[PDB]
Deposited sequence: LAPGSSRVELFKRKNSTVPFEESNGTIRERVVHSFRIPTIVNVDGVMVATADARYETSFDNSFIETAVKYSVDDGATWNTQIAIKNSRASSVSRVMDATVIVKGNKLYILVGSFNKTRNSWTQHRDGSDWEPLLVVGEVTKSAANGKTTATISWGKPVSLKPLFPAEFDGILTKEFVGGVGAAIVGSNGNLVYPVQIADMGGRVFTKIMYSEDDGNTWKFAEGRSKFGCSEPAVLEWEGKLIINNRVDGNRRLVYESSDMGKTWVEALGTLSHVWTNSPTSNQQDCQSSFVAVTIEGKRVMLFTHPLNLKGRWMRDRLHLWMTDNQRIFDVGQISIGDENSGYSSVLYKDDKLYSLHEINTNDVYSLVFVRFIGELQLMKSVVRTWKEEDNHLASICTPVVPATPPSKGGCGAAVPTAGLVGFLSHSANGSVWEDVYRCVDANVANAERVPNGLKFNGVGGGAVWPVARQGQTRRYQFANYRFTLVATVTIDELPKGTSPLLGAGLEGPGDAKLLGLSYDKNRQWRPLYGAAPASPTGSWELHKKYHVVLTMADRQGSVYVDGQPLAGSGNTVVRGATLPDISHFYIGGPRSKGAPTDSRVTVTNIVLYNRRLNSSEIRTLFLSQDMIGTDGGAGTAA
């Protein structure tokens, strides 16, 4: 948790009481073992915190009801209710795993309802013990002489089981449940629930379930995730749904849909596979909140997830990340120390940031309500850096080309930039997300001159480790740089490129230079053959382009021979380890100077490339 921030144990295990309604109408304040599966939203000015009240144990297959606490004063005071009762059919009847949408003064809560099974939903023989319940709550804010008040009234649950198809694409269905957490109203006003479906064979997958009529009718859109995806979270970004999935035992898959879920496309060029379940990716995953907000005038996405360094369900070290779909910033750790956390929720309201999330000691759970003061401070500062650098680059007057200013310096898809700030061991991302590691370097305007064994910089890709923010490059990238060759090499020496994980010294795409003053572009595993001519100490503009498994290398805005060649074979995505600049076993000593290294998450077109070539003395940070 950041300095300056703080929290309270709002739903306190074996302590906080909820108004249990006995079968005869009588109401008793009953203690609750664990409070799990939180969501905190904002309804017309009132904070609403929704959660599972697991009365007797933290287990999934036990007696559970949906609790709510709400507040009209930003958390100085809360009222408590049980918003959805379970069926009371057996000692394990439960309503659970709330997914929530806020529209106007209304809340739509979808929960899974179970009567008497003792095993988990994906393991059921059929769907006979199960019902997906939709519940509508309505917020009414009055007040009085100087003090606002509020009530929330909860409707009777409605079963959506009759709307569930028996098959999808021939897949026989068994059960479905909301993806957990806060979902959305689309800009077109649709109610949008990401849902998780279990088929008869116990496979899990996700889909979009939505309403164009404020919840009167619902439709299952045609698309879906791969099998293995669960607890999906969704938000809307630039006219598309982004569906961020839990994936136990592997990296998190993210999809985009431009047609209200009818068709899904893996977000390979942005967010898919960036996040995961643990350092090694082979552990059970955890729910994440994924929410779009506007900070300092800019739309960004917030994502929460544990590092889970302990593994299994411990889910320690809950982090918060912020992304504009290009840069990905780790705001930091919001849980405390090495405590076990778990499921979470984040909410930006009246320019204040909060979280409601689990804490777990010995599998007894509480929900803490957190005021992210320091986090928001850091968020605003980085949003300001992003806006300011983008506006500055977009405002440069570039040379008009023969057919007051030419095309703008491209900023769409601009992910990272290494320019003037640097020291002998770190080259700073102007965008403050991913720095490069440096050795044997001395500073020059807008970059670094390398001299010494291993002189160069490593801009980590897979080397980022657990969270892989440059994962997009395995699908497509543009890497740009301005270089001079300072001293002739003995034979061949590296200048710039994308190296690969694995045995060997392999590259996906790159450029080297040789003792005959020729270029040596590297296209995948093919033998380099020299081409062209350069001169010592002359400035060259270099651009590497990778898309559709193809690579091109440009010098001075013109492609070198071999460009357009296939750089990888097969269906498996490349696994880039890093980008190298200079020559970071063999005692490589590349005597070069490189400035203004720019990284894009897409293949720049030919005229964009020319714009960068013509404006290279204009983009540096100084």
Where the deposited sequence has no C-alpha coordinates (positions from 1, in order): 404-409, 591-593, 632-638
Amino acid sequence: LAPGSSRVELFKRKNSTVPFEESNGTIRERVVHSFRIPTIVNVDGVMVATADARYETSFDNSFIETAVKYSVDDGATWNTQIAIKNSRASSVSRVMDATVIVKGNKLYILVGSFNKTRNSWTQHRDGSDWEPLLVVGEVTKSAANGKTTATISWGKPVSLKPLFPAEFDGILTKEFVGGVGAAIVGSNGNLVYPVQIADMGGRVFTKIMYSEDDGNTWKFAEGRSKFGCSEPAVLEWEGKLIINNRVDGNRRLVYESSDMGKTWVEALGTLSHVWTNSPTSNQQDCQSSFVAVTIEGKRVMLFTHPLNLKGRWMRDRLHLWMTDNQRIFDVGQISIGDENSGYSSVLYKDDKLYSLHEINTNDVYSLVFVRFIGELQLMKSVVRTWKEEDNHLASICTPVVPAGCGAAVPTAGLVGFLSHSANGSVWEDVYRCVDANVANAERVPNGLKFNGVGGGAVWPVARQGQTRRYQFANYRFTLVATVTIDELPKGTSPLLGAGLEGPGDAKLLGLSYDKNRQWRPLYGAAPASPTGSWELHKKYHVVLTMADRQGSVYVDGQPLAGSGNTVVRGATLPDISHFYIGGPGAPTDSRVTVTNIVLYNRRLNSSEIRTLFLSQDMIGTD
From here on, numbers count along this sequence of modelled residues.
312-320 set against 123-131, stretch whose average Cα temperature factor tops the other in the entry: 123-131
Higher mean Cα B-factor in the deposited model: 268-276 or 392-400? 392-400
When you compare the CA B-factors of 454, 194, 410, 297 as listed in the entry, which one comes out on top? 297
Tell me, please, which of 215, 342, 532, 189 has the highest C-alpha B factor according to the deposited entry? 215
Relative to the other modelled residues in the chain, which third contains the C-alpha temperature factor of residue 599: lowest, middle or highest? lowest
What third of its chain, lowest, middle or highest, does the C-alpha temperature factor of residue 557 fall into? middle
Among the modelled residues of its chain, does the C-alpha B-factor of residue 501 lie in the lowest, middle or highest third? highest
Which third of the chain holds residue 86 when residues are ordered by C-alpha B factor: lowest, middle or highest? highest
Determine, from the deposited record, the chain-internal third of the Cα B-factor for residue 382: lowest, middle or highest. lowest
